[PDB]
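If you use full-length UniProt numbering, the sequence shown corresponds to residues 2 to 213, 236 to 1074, 1076 to 1532, 1539 to 1872, 2220 to 2276, 2450 to 2574, in order. Think of the CB as a built atom: it goes at the ideal place given N, C-alpha and C, for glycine as much as any other residue. What follows is one structure encoded as structure tokens, with my remarks underneath.
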Amino acid sequence: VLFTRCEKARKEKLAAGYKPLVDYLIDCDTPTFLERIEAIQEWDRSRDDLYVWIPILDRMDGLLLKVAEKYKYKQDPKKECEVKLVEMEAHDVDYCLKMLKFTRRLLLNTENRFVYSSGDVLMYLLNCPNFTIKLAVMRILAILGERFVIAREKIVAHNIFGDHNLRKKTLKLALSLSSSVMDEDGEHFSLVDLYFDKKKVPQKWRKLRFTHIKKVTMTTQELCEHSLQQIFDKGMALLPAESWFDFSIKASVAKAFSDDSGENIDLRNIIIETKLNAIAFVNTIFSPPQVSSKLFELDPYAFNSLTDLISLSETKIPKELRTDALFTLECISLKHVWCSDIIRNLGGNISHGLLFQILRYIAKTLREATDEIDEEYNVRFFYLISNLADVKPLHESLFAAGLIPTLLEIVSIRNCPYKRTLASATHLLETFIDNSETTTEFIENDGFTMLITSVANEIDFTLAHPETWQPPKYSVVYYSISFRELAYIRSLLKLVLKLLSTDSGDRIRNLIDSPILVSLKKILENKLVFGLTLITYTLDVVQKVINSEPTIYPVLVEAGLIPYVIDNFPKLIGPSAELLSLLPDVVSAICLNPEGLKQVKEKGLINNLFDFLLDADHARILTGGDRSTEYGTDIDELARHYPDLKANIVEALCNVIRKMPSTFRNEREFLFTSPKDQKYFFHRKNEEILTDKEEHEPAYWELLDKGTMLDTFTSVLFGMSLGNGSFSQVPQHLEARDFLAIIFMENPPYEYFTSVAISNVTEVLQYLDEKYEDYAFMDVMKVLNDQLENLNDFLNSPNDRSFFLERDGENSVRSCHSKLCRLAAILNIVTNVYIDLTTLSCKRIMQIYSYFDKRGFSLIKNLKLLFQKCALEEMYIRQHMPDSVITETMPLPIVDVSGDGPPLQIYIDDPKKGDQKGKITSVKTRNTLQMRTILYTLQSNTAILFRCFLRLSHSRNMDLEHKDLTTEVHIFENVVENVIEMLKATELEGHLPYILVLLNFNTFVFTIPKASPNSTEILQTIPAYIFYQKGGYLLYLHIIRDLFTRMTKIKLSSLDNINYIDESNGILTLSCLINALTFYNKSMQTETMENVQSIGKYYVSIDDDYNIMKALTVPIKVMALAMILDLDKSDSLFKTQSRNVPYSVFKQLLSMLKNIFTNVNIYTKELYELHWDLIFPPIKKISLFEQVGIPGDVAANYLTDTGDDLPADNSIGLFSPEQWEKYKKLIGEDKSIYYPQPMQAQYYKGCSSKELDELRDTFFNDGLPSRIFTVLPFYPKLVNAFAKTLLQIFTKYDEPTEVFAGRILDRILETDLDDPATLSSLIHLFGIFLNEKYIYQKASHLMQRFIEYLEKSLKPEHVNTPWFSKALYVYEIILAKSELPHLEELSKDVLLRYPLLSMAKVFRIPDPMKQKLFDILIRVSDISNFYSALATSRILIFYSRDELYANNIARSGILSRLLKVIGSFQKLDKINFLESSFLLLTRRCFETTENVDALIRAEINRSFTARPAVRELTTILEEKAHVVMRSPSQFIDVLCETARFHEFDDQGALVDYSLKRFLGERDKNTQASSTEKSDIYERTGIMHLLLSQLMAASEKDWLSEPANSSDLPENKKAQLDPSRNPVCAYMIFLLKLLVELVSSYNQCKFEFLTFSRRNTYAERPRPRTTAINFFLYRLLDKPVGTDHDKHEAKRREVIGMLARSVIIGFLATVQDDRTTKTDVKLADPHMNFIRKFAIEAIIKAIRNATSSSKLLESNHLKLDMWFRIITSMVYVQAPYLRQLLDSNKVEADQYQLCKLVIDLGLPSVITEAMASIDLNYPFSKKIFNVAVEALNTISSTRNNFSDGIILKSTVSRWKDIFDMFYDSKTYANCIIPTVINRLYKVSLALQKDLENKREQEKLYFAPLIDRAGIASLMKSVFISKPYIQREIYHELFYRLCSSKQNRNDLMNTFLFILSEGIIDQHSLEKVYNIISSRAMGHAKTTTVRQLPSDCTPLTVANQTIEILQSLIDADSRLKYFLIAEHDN
């Protein structure tokens, strides 16, 4: 299909290869093409990728696709007529298959078959009644399936995999004639008998037959009339069109069986061949678990009779059939499923079997090798035998019995003219020999000293006969002899190479004493006749041995090997990957002794090591694909361990670099010209465009012959750059000048600025800069300046036309763009590497200072001009092109997509449009695609460049001065003014987008880059001062006014909801306004400004400081108030009707007012200017005054050490005689203007204070402060903000404050309630006003009047109107603040001792009024206002602190509708809050005084007993949030008489808070009469309501996912969420409710027990069973299973898990005061009665569906889960329920839930349930698995006789209620005094005096199951079981012992099964039945139980002996019984 960028270059280069061959076929007529194909049977070269044949593939597809449509065989996913039963014509058979025939040959020996694409056409070639074509098609399909799972491929499902009209087709093709049969008078009639002269065909098959519901059949001799075509034609008519496929399958089979024609046997061969191929494909695609019975079950006699064909010779079987059978097993053995079975069927565990015998036969064949010598069949063998050996435990049984000594005789043959196999056999031996074990056996058979004597003969014979050497004919080669011999020698060399690395010493010695060393040289002698790979292995052999042996060199010195290598180094290298990456170590060896080292220093070795990178071919192969960097890393190693070579290496780098500039030739092009109009761009928005078909982008920088060189060389340099090395010296020998030369070529194309090379050098130059600072900075900046200056044509052209589109169509265009790409590259490199804020050094910016000082400000103007022209340039193209295309050529989608960065916002399609790329493109697009691409990056870089030197010291606070600082301000100024001139020009009308871009740029540069964690921006201060004082904000002020009128005049508009900035005149017309006002505000804010406090020690010639932040704030504030007032005077705002303003501009202006009245602390008279030019001792002094005599020190000395006020120059004292008569040159300068500009001019009048404090009053008494009520009706949304401005206004001035709220309310009553317009927002205004702290105290009279108003006229029907939520919100505030812990104050000599600080006041509402509200509140109906219900729940929850109110809530019916309101709205977000509040309310209901006391006592007692004087009161009380507020009185009472407060203090007045530990004296308390009253409460209908709602929701089709989810596969985090399908969340919510309530509150169970559908009455009506049954039986009744759907599975699993959770929690024990104790054991008198009912429900379900086999077929699903609940019950553990239970209380739980289970004998129950489970059923294993652990769980505990769902607990749920409302975690102060009334009064007085005073005066092997069950348990260990499972059986059997009554019988069962059972086939059954008869005790073998078609005695014995070993490995006492006399 397509590959990554770099690989495409290699593919294209290789495409040149096979140029003659590809042309040799394509440029030919089709008849020749077929004749050409029938010549390439064999392949004499290496593997050739399909990509080169791609055109051949397409030609074949076209050639045959026509035939496919000729017969309409082309099927469709829409049309389903299939095909008429006509088989493809005889003549075309060869034509159709021959082309396919070659396809198999190609696909076999080729590589990377992935890119094959014509696969889908094969299905269209399916549906072919003829078989031969079918056989070939399925054969190609088999090879393709190999491709699918050769290693791993299950992708491109739509191609052939997903298509479901193929899986069934191939399955039907399989299972046709199946395998051998069960004929009566015959064992099996193995298919192989078809050819022997013995048992005849099973005539049964010789009869036509077919039925579904149709049916047809005809006996043989009835098919002799109709032909195949006639048979098919007659049949089709009756049966459906969708049918006839099986008819085609079986009719031809019957016809073949109908006679004995000579071709008939060929037909049978064809059909069987197709069958094995189909089996291969089926196993290829289908998973083992399915095929286990999907196909194998239908045909069980498959593996048998398969190995019957692959042995050898057997001159009856078709060799083709043999090969096909070989192939299938190769596919099967890929996985670890059928391996062992294959071995057993073959016999690869005992010698003289099959495997180890056909090898003997092959050895016999090769020894003579004169007939029937096949090798394609042989290689597959060694392949397979390697395939088995991967499965580690399946080749130990191959090493044993003798394998190596059988292959070893296949090798060692001499004069073999069949050297093909030996390569594969050697490869197999290499693969097999891995461990330390087999190596020893190999040698001891004298294999070593066989290869090193075969290779010598091979090599010497190689040069003997030139009549050999028939090399390739269509390829690029380096050997030119013959491929096979090369492969053979390569394999032998590989094997020796591997074996050289075990012990060495022996191998080296054996190597010396042999004619191999002299033979090896012959290879290097002439590579023109051997090839290039061989030298790789030869040199590796040489390199490792010398390293292995240091003292072996001299022997190598002679024989001519080494001297030949050194004197020929530049005679071996070539374009091979491994070879090139192998040089560094080889030279690391030749220099292991001083002679070699000296020769290397001489002889020019190193120099040749480098170089060869200047030719494209050599540097390509490495391609820097992580291969090249290895070269660099290695090179350092050589120098790393050889210091003497340090010098020479660097010289190589220096020389190579200097030569590289040479080639660098302009090669291809920049752009193209349009096919018409001869223009490079467009002219009109409307125009016609042609289209082409290729990559949407050109993708240059590759195939250029220079980019590859740059990539490779830069990669090598980067690799060597790592760590350290000689690279640190290249700067020494070289100079920075030339280094730059290699980068920044003359003519780079557009994309050059995006490649690894630039990125790679981006890292290298950092390293050099990190050490050698003053190396490559000034020269780089010089190059930048020179390149900028070299551009003058368009850089100064007029700024009102398209320069590029002004000279289009002429060659001058290329010249223009050329330099642009180079400039882009230069900027890209410079911004990243040198100029960037992240990299700032105190020694760095000094370079900038010195550079600008010595050069000046020259590039600044050029940069500004470039920025102006660029943006301006990128508009006319937009304004003259078919805009639709603008999205096609959109440039942004390239690396560095950080939209943060000024220049791009014109999107003409929504951001989520998609890709929409490459939809339409042509030559015009490509030119435009580039022309814009450069400009974006150029502009982006320019802005960062502008910022970088706009911070200087302030970034690091370097504290400059003198020359350093002096320039700083000059850079600032020469930076600020430049940008203004851009804005001054470029008038508004005509070009708006430029205005937006420029404003964005200003906001960009003037704003500090993203800094701080969240602080968006700290506005630059000194730049702001320069901007203003030079004239700033007055440029915007005019733009603001123009646009303001430009918008208000617009034709009500709907702008509230908008996004996706576009060219709709409106949005642009306003888009500026947000940008402008935002920036304007940023200045005024006292926080979004950096502190640059100066003037002090900056301008010391004046008074005051006029701090540049606080003072600068003033003039801006003075400004813009005039425009506010002017607009107000006009009919603009704060007047009129309707809204004529954008929604956000109010938010903006409103914030300004808050700022405009934000006085911080300042009053100003005058401000002075920072005019560095005259700074401290100025520059003008040296310019003129202290010029003669240059008194630099003296003049400065006088100025500083004495009066610092330049008095000018005269000749009064200490002056030269010539000073006067020469100084007389001046009129006026720096005398009165010496002080910088104090104030030049302003906007209206004055700007330094005192314009404020007089302009405020005009507005203060003009508009909103008395006119909001008129405007507010027209702007309700922002009411949130209106108050803020009013509060700010009223802050500074006098304090009417609450008078405003009073005037409000006086307007509220007059609201004329009927109107839902003013009241709705007005109450919210009041509330937000009331929320404020300081305005609370003096508002009591207002709150009561509000209460009185609310009481009457409320009309509880008033719930369906907007003016309800906010009213209840204000009431919520009032109430919550009201009913705090009631106010309490202490007395009676409290002994304050630093008394408490006291607390503020509150307003406790009157008692009776609340009663009315509640009586007016709890009555509603048909609520449908979401927010209203949200408010109702919130208000109601607070009253539940009482009890009788809770009773009324229960018996109110409000919940009965508030619940269904949940289902009314489920797609909204805040349903979360709604459900949380409702759950808290419901949980609060059942709460009763009984539970509260126990839970509180548990909480406090735990606190004063743990250990993280303890428990500081001021800390615990703050963490008792969820506590106390529930019932402060009860918390006091329980905590009163305990904790015995200590620390009475010396005087008795407390000086501490922490109390004493748990009560030191304790107390006695009692309480009862609730033990029987814990339940009852007459069943408040809550539980019935919830259960009924769940029952209703159950049958609501909670399986179908929502109709559509749009781009669900384009999600963000994870799909398959259980949410959506609102019912699921609804049911999830209800299950949460139940699983919390039932386990939490005790009384809830009774209701869950006494369910019904009619709410029957009377005391304890009757314990029913309609709820447990529902949770077990009814739920999960949905019939589903429509194929595979993860959504369905996930939903089912979640709901089932929750169901199990609830049922398990049913029986759990509720947490209570039973904590922090020991427990022994007790039975809950009530719960226990519930326990038995719970279990009793389960046991009945077991008996049912067990008997009545039919009821045992449709109940396993229920049964599956069922047994699991028992496990999860005996375990006190549930999927989610882990933190809702009392852990220390789980002791008795297991005890009781084991004893009760034993009473009914559930173990005894299960085994009976386990019995009767027939093994033949597929679920057999499944259901056996679940129970076995259950018994183990029961026994294990018995040893003691002596997705993202969140759930919480009781104490935890209170915290949510505490924090949702009032949050301040200090309200305990409301009760802190209260506890004091008894905290110490009688605690630290009575106990202390009574104690302290007087103290100082004196100072079972029980039967666990039955005798017929364990026998039934022995029904185990018979099914064909895998490993791991056996573990649990061992644990059970070992633990099940100690039952003395069973220990005797347990084993006695087995020994019998051994002695009598495993003797033959007809013995096992006669004990399997007996053990069965011992399970369902009745008679003795009154009926036969069939065996499960498996379990041969070997398997039973295997499992049985395994288990026997297991048992005897555990029981110290078992051995004794093992050896004895039974005593009968």
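{"Asked": "Starting from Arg681, trace the alpha helix (DSSP H) in both directions and tell me its first and last residue.", "Found": "669–682"}
{"Asked": "Is the separation between the beta-carbon of residue 2213 and that of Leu1737 shorter than 8 Å?", "Found": "One cannot assign coordinates to residue 2213, given that the chain in this structure leaps from 1872 to 2220."}
{"Asked": "Among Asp1829, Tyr1847, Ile1853, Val1827, which one has its Cα closest to the Cα of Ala1839?", "Found": "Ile1853"}
{"Asked": "Compare the beta carbon distance of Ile381 and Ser334 with 8 Å and say whether it is the shorter of the two.", "Found": "yes"}
{"Asked": "Identify every run of the alpha helix (DSSP H) within the stretch 1285–1343, keeping only runs that are complete inside it and at least 4 residues long; order them along the chain.", "Found": "1292–1295, 1303–1316, 1322–1333"}
{"Asked": "What does the alpha-carbon distance come out to for the pair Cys82 and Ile1091?", "Found": "57 Å"}
{"Asked": "What are the partner residues of residue 1, as DSSP defines its beta bridges?", "Found": "The structure shown does not extend to residue 1, since the chain is modelled only from 2 through 2574, so no value can be given for it."}
{"Asked": "Taking the alpha-carbon positions, what's the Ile373 to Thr388 distance?", "Found": "23 Å"}
{"Asked": "Using beta-carbon positions only, say whether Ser1798 and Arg1730 come within less than 8 Å of one another.", "Found": "yes"}
{"Asked": "With distances taken between CB atoms, is the gap from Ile1606 to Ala1474 smaller than 8 Å?", "Found": "no"}
{"Asked": "Would DSSP call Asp2510 helix, strand or coil?", "Found": "strand"}
{"Asked": "In this structure, what does DSSP give as the bridge partners for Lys208?", "Found": "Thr242"}
{"Asked": "Tell me the DSSP secondary structure of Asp802 in three-state form.", "Found": "helix"}
{"Asked": "Here's a check: name, in chain order, each residue in its chain whose Cβ is nearer than 7 Å to the Cβ of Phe1050, leaving out the five neighbours to either side.", "Found": "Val999"}
{"Asked": "Pull up the distance between the alpha-carbon of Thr861 and that of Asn815, whole angstroms please.", "Found": "33 Å"}
{"Asked": "Looking at the secondary structure, which residues open and close the alpha helix (DSSP H) in which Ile546 lies?", "Found": "540–548"}
{"Asked": "Give the C-beta separation of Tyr502 and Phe553 to the nearest angstrom, bearing in mind that I take them to be a contact with Cβ-Cβ under 8 Å.", "Found": "6 Å"}
{"Asked": "Considering only the alpha carbon of each residue, which of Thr1544, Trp206, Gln566 lies closest to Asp1582?", "Found": "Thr1544"}
{"Asked": "For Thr2532, does the count of other Cβ atoms within 10 angstroms reach 16, so buried, or fall short, so exposed?", "Found": "exposed"}
{"Asked": "Look up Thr862 in the DSSP assignment and say whether it is helix, strand or coil.", "Found": "strand"}
{"Asked": "Decide if the stretch 156–168 is in contact with the stretch 283–301; the criterion is three or more beta carbon pairs, one per stretch, under 8 Å apart.", "Found": "no"}
{"Asked": "Whole angstroms is fine: what's the gap from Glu39's alpha carbon to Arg106's?", "Found": "11 Å"}
{"Asked": "Which word fits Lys1362, buried or exposed, when buried means at least 16 other C-beta atoms lie within 10 angstroms of its C-beta?", "Found": "exposed"}
{"Asked": "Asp1812 by DSSP, collapsed to three states: which one?", "Found": "coil"}
{"Asked": "What did DSSP end up calling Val753 once you bin it into helix, strand or coil?", "Found": "helix"}
{"Asked": "When you compare each of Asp1627, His1614, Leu1663, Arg1592 to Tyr1687 by their alpha carbons, which one comes out closest?", "Found": "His1614"}
{"Asked": "I need the straight-line Cα distance from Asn1179 to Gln1109, nearest angstrom please.", "Found": "7 Å"}
{"Asked": "Which first and last residues belong to the alpha helix (DSSP H) in which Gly1216 is found?", "Found": "1216–1225"}
{"Asked": "Hey, out of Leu377, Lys1494, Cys1509, whose CA is closest to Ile1478's CA?", "Found": "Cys1509"}
{"Asked": "Roughly how far, in whole angstroms, is the beta-carbon of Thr556 from the beta-carbon of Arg513, given that I think they are within contact range, below 8 Å?", "Found": "7 Å"}
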